[PDB]
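Got a structure here, written out as structure tokens. Questions coming.
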Amino acid sequence: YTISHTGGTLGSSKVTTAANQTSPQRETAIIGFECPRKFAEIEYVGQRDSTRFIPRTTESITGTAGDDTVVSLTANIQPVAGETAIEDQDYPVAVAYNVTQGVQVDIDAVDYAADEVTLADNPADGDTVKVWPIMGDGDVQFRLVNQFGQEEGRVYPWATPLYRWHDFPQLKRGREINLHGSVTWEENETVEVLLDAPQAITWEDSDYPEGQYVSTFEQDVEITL
Amino acid sequence: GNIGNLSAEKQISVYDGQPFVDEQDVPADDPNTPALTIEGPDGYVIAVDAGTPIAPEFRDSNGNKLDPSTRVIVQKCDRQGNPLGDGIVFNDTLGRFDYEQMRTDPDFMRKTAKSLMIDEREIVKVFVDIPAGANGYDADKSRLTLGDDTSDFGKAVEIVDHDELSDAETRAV
Amino acid sequence: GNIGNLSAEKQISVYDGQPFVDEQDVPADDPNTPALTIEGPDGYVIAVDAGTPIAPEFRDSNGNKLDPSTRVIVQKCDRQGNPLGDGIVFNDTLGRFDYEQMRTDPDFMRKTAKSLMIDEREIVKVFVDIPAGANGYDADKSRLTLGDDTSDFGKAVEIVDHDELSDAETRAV
Amino acid sequence: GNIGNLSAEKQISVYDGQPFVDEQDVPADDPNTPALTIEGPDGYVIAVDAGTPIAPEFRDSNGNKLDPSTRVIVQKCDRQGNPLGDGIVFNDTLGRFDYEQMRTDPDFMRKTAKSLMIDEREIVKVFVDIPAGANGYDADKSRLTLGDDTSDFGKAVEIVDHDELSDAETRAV
Amino acid sequence: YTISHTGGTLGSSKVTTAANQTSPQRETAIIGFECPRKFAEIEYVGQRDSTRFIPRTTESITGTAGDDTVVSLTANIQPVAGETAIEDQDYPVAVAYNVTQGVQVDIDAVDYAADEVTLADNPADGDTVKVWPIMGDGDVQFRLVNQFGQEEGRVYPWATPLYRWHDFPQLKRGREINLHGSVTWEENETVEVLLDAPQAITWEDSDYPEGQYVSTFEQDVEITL
Amino acid sequence: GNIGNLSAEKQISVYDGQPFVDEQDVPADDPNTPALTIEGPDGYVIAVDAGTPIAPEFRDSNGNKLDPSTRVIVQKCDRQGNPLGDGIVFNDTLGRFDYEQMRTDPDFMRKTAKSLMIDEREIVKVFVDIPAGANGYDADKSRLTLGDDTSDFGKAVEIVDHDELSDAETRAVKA
């Protein structure tokens, strides 16, 4: 006797784990989904139940004369759903915020190739601005952990690239992501979502304007009770 | 001068302005307060077959959309209006709902996963789990459109008055 | 805390970043360069059915898409790097491709023609027939997605380890 | 050095400081907050029958007795935390009690109205519906007693471990 | 399906109503219990399900030299389950408040014969005091009222004297009041409790120290669902 | 919207202020004068089973008690005002009586001996045999209690309208 649910950034309980990786090119555990006492079991079926991932990183710049262009963001950028115009995407490629004025900034233009952008707000000298663009390169996959602290194993050991999550219109049916493999939980067990990449994903940065979370991870699943 | 004999299963869709559905301005992070309360019409039965769409066009008082990471849940409750735990038809987020065409393209529509059945008194509640930072919920500037009764896509909501054996099996709750 | 075992038949996708493929810079007057070298894994085996999607996101150093007068071919070779001639899967121009949505809409997906199989050593290569002008080719600012392992649309590439009679007949080139 | 074997049905009582029950101080006038929570002990099963007494000594931080107009509710919930509406056991006030002897004289002991059963994970909650004039609700200087395992008066709560046919019948909820 | 609940001063919802009587003697409609949409029906049974009812009133005085004693309060000051000392009782017969001082007061001495009392602090000349003694003599009973605002009938109509409620220990089993008769509400309908007395009932006097409700009326009842 | 249906044998208690009763202040030592005078209610019938309590709240003008040596008597009468000698139910004192729980504790409920059944126009009287030094009877400040209907204790008092040939036999109270 089962129904469906979503596991997510917050999800059915505040016992999940939300951390960030390292810059040395060595994978870490971004997220930890631990089961509660409430439910007997959680089950995920690749090819059946969708998954969504909006990753996003953090950068910073200092203000000075002519500082309307933003440099290479250390990030292999792509457009969203293959579409470039920020005003016509399912979600922004990137956003930024002046701290000295304490507001959001709109973006004017892009160079996907050079990984650079162009803004309207020429800041002052000594100014401070922060940017949250989507994450580029990255290899992700799932992992299981028992109630002890042990790696039982991965799932379908072929890590998908990060950028495919950006590449498609994730909301539209048929194009949504359905990874592979299968997996089952239990009460004190903890699945983890793991990632390897150069750049530091972030969350819960207060200065972000369009929500209390820069970036999200969601997953449809089936549940016993 | 005939009317045409019509099936009493009237296929419609549902919204907030109707006088059996009440709204409630929500604070930041009260996921147990119901934003909307659908009371039965006091004389009919509603049926919602599985595979049924939703369009919960939610915004704030200033009119911007809520946070995409919001959780949105539809749930049947008892005759008192307390959640049954089980009996959910929907559980997903707002980011999964492109407001521009969430009710336009079947290729974008979000559908139900369960059947449902509401009597003259049974109650549905729409709950919203939000972080702290958001700009609440202004029902005066937001709305809901459950189902479609207009297009050759999607599905509708059946409403019926009382027929004998249907009621006999309907009281098998 | 079970996981669910699998058969050998791994349904996957293919692209530049994986460690059995190498991209290469390409000037603009050679249809005979190994653009991509796709080498076997040395112990596993790949299979592709005809009717398999391609997404050849080729641009220049300045990011612009190249002249669609350019042609592209994907082709099998021997275990050394000598093309077999036969066994071709693809030959078309970039003008038949729409980078904005070429790997999303089935109505834009250019697919394979004839099936294909790659043993522990068999090589696939890509060849690009170009006119004099269009600014060469950079693979670091370009990529490719071969097959699709996420949708119900398109198909995925099959991989296996060594199982006996399957390999005995996979030697039936 | 003998002790005498035991019937499985252990007649006991219940109190606040036990490791299957939790307290939580409530604000002024929040009923939906569960003041007290009880959960199954993970391996045993509890059975309460009707006519079970209560000494619900609820006090403030200063210990002075609350507004006697306060309402108390006791209710079984699902395995998640959602009350049922059905399966309520108790609903009464405070001033119907007399803290000085509410547990002493049988003429002063209110009791339940129905039976109850707790599996390994089943949950019971206790709610308190209060006006604004409360001085809060301090659990440290308050407590609860349920059951009677000391006298001929009242009853005790039965507890068992898992036995085959008993639990097979128990799981008919 | 059935359960047991309590109807109360505030009950399951704030459609309940309460109001006062006149100074001449007449049956006035004091408190009304109206049924909600949440339930389906209600029942109350005399001789099975009990009822508690704490009435109290208001008087007041201005101070002067020698005003330790307070006069006959226009009511017969009964005992409390037959008890005399305020400390010893299930509730006070009498409470007092100095509003000029803005404080609660306690009692020194009592005289049930002359229906008088005598206090601790002689309040000042021009000082202001309010007092809440129990309601004196009077008669009380029930009434049904339909959706049309119209009567439908009374219930075991022997109007009960007031003093009997004060004369028993209302909590003690056996001594708990059980009235008589039966009743069955419907959805939008109301029941009323009515009263005749030479004094004015009070609730929600802000200056009262013990709680927000000097007086109460509560009743064990039986509900469907 | 029902209220339900009732019975005949209504269960009550009795006291001074009811409107079929007469209080009457008394001097020192005139026993013949009636303190309290019940008459029948003119149409109903009263019945008092035996083993039935009394709670007399007898006091003076000045709030204090009377002499403990006093004798309270409850006596049945004719339909006119005369005593009857026979048909007495109670003759005892007040020093044996305690007022602060006389209607609460059944162990404090001092009780009757005989049963009793009263018809339409009949009269019951209370009489008070006293010494000469006492301060009398201030009936405003004293009272009486007899039975209880809300509890399940002592025994409540029965009242009825007329049920037929049971009445024909009850009317055989005539001498």
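Chains here go by letter, A, B, C, D, E and F, matching the order in which they are written, and residues are numbered from 1 within each.
Quick note on the criterion: contacts are C-beta pairs under 8 Å (C-beta built on N, C-alpha and C of every residue); 3 or more make two chains touch, one makes a residue touch a chain.
Which protein is which chain? UniProt says A, E = ORF 25; B, C, D, F = ORF 24.
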- Between A-D, A-B or A-C, which shows the same interface as D-E, counting it as a repeat when over half of the contact pairs match? A-B
- Tally the contacting C-beta pairs at the A-D interface and at the A-B interface, and name the larger one. A-B
- So, in whole Å, the Cα centroid of subunit B is separated from that of subunit E by 46
- Message: As a quick test, compute the distance in whole Å between the mean CA positions of subunit C and subunit E.
- Response: 88
- Query: Between subunit C and subunit D, what is the gap in Å from one C-alpha centre to the other?
  - Reply: 68
- Residues of subunit D whose C-beta touches two or more other chains: 79-80, 85-86
- Mind pulling the residue numbers of subunit F that touch at least two other chains? none
- Message: Going by the contact rule already set, what residues in subunit A reach two or more other chains?
- Response: 174, 225
- Task: Mind listing the subunit E positions that touch subunit F in their complex?
- Result: 79, 81-84, 111-114, 144, 146, 152-156, 158, 164, 167-169, 174-179, 181-186, 189
- What residues of subunit A sit close enough to touch subunit D in their complex? 37-39, 225
- Message: With touch defined as at the start, can you tell me which subunit B residues reach subunit E in the complex?
- Response: 39, 78-81, 121
- Task: Please give the residue numbers of subunit C that touch subunit A in the complex, ascending.
- Result: 1-4, 6, 10-13, 15, 17, 59, 61-63, 99-104, 141, 145, 149-153
- Query: Along subunit A, where are the residues that touch subunit B in the complex?
  - Reply: 3-6, 8-10, 52, 54, 90-91, 171-174, 210-213, 216, 218, 220, 225
